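In what follows, a structure is listed as structure tokens, so that the remarks can point back to it.
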Amino acid sequence: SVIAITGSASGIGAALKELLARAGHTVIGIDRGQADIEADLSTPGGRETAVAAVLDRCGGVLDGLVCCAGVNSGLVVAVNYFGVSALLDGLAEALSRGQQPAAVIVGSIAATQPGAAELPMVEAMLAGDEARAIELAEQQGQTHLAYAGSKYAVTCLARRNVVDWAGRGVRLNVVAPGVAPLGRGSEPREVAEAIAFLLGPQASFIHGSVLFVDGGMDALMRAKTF
Amino acid sequence: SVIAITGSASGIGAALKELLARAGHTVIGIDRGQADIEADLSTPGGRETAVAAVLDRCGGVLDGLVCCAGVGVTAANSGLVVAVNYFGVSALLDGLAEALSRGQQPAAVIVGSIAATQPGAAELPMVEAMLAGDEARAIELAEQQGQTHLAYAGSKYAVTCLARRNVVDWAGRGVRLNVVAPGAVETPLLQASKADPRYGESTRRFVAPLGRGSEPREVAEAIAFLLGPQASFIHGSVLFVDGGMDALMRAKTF
Ligand SMILES: NC(=O)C1=CN([C@@H]2O[C@H](COP(=O)(O)OP(=O)(O)OC[C@H]3O[C@@H](n4cnc5c(N)ncnc54)[C@H](O)[C@@H]3O)[C@@H](O)[C@H]2O)C=CC1
């Protein structure tokens, strides 16, 4: 499979890149630097450039997409929400043309922060109004609030488009990485393994799911919420 | 590794038994019949038999346990639904916890249901009795509630909560425990619901976004993943395997 990965140059994206390469897949890496495709996903121009470059590289046909790129509050909203949505939307056609195509967004357990759902930022993001979402985040003035709000919104975005993606024949799921009950934090490779699972043919009936990979933390803190 | 599977004689459990066996694992099947271990998981006595028999077969060391035995809305009565879907799971987890703790990279999976997310399921009285472990009370409440679908949703809700509530105890034993929550899957259980006078329309009313039901093997693959070392940091999670149904019906819940 030919799989595009944003944030391929560090952390989870880099671990996934390595994992998939070792497993025999072809990886198109997209990141700010040290990548096949170097682009700034915080701007519409960077997103446009990255989408065109991916399409060129894969000949308009793509088997997988993983959005891992993430990071003032305006920048947080621009990268973590709109840098994901522009890439998903820009590459949806190419994915629809691929072989058992699937995509994964790397969310965060911060998406479950109490009150995130009610942040004005969030409505603007889900409406697709970037200028208004950035303005709202900047007047809120807390980067960590923008982080939680963007992760909440991007997780909602995945689920809300479950019908559109099904219609294209492309699965779309979220991985929500996380002391946890398991007594440690995760290695980037462990998150990468969950992503690779969701991308692959073993997950052929999994669509619109949010898979927590957090050593039990969400179960401990939100037992009743599922 | 050595993995016990309740409900191995049919549907999802049968698919998983085949999948694991082909991958080289030793599978210990438990079912009403047509299994290594024949036991009725709807009574304390049957569960006791099953646990003792599993321990004997694995030498008191287990690397995997999958609680897949269950009944749906065409079961005999609401009491039976609770006895099997909740207590047939919990008693096997209780009884085999020590054996699992002794295994290598051990892990367990409960097969839940998207029915767990039915509105109002959380507030069904029978749910409290299940989580308290009071089987006689849960069965009485289930019977009084009057409808197998409520016992089905209640039992699936409760057993999912159980997995999450006990997250720390399982971590302390070094054993991961997760739930798989299927939407419709093209076994004999689904066919029975589809043809039922009372619940058929309900069952056939809406299809998942993927436009089809799951094949049992697709659910088995998700279970096998959660059992294995590539899921080493996944614990207390509920993995929906439903072709988009839950995302469609509860888009903002996670
Ligand atoms: N088929 C579906 O659409 C869905 C199924 N599920 C769950 O998946 C699990 C497996 O169901 P399926 O494979 O579809 O059904 P199935 O009927 O094909 O298999 C269930 C197996 O459990 C065994 N079992 C039932 N009661 C038992 C008892 N008292 N003692 C020992 N074994 C017993 C049965 O004999 C059967 O072999 C069940 O927990 C069910 O609730 C969840 C969502 C959807």
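Only heavy atoms go into these numbers, but all of them, side chains included; no hydrogens, no water, no symmetry mates. Order of the sequence lines sets the chain letters (A, B, ...), proteins ahead of strands, with each chain counted from 1.
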Output all residues satisfying ring pair (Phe, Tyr, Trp, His ring centres under 6.0 Å) with A:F197, sequence neighbours left out; order by chain, then residue number. B:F225
Closest contact, heavy atoms only, [X] versus [Y]:
| X | Y | value |
| --- | --- | --- |
| B:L248 | A:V163 | CD1-CG2, 3.7 Å |
| A:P181 | B:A171 | O-CB, 3.3 Å |
| A:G208 | B:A247 | O-CB, 3.5 Å |

Output the donor-acceptor atom pairs between chain B and chain A under 3.5 Å, with atom names and distances to 0.1 Å.
from	atom 1	to	atom 2	distance (Å)
B:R164	NE	A:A223	O	2.8
B:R164	NH2	A:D218	O	3.4
B:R164	NH2	A:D218	OD2	2.9
B:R164	NH2	A:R222	O	2.9
B:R164	NH2	A:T225	O	3.1
B:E218	OE2	A:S204	OG	2.6
B:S232	OG	A:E190	OE2	2.7
B:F233	O	A:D214	N	3.4
B:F233	O	A:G215	N	2.8
B:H235	O	A:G216	N	3.3
B:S237	OG	A:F212	O	2.8
B:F240	O	A:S209	OG	2.8
B:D242	N	A:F205	O	3.4
B:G243	N	A:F205	O	2.9
B:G244	N	A:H207	O	3.2
B:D246	O	A:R159	NH2	3.4
B:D246	OD2	A:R159	NH2	2.9
B:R250	O	A:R159	NH2	2.8
B:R250	NH1	A:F226	O	2.8
B:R250	NH2	A:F226	O	3.1
B:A251	O	A:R159	NE	2.9
B:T253	O	A:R159	NH2	3.4
B:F254	O	A:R222	NH1	2.9
B:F254	O	A:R222	NH2	3.0

Which one wins on heavy-atom pair count under 4.5 Å against chain B: [options]?
| options | value |
| --- | --- |
| A:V174, A:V210, A:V213 | A:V213 |
| A:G185, A:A192, A:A194 | A:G185 |
| A:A111, A:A180, A:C156, A:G107 | A:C156 |

Enumerate the residue pairs fulfilling ring-ring contact (aromatic ring centres under 6.0 Å, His included) with a member in residues 87-109 of chain A, sequence neighbours excluded, ordered by first and then second residue. none
Sequence neighbours left out, what passes side chain to side chain contact (heavy atoms under 4.5 Å, CB included) with B:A192? Give chain and number order. B:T74
Can you tell which part of A:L211 gets under 4.5 Å to a heavy atom of chain B, answering side chain, backbone, both or neither? side chain
Check whether A:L19 gets within reach of chain B through its side chain, its backbone, both or neither, counting any heavy atom under 4.5 Å. neither
So, the part of B:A184 with a heavy atom under 4.5 Å from chain A: the answer is backbone
For B:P182, is it the side chain, the backbone, both, or neither that has a heavy atom closer than 4.5 Å to a heavy atom of chain A? neither
With a 4.5 Å limit on heavy-atom distance, are the side chains of B:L210 and A:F205 in contact? yes
Could you state the interatomic distance from CZ (B:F254) to CZ (A:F226), rounded to the nearest 0.5 Å? 15.5 Å
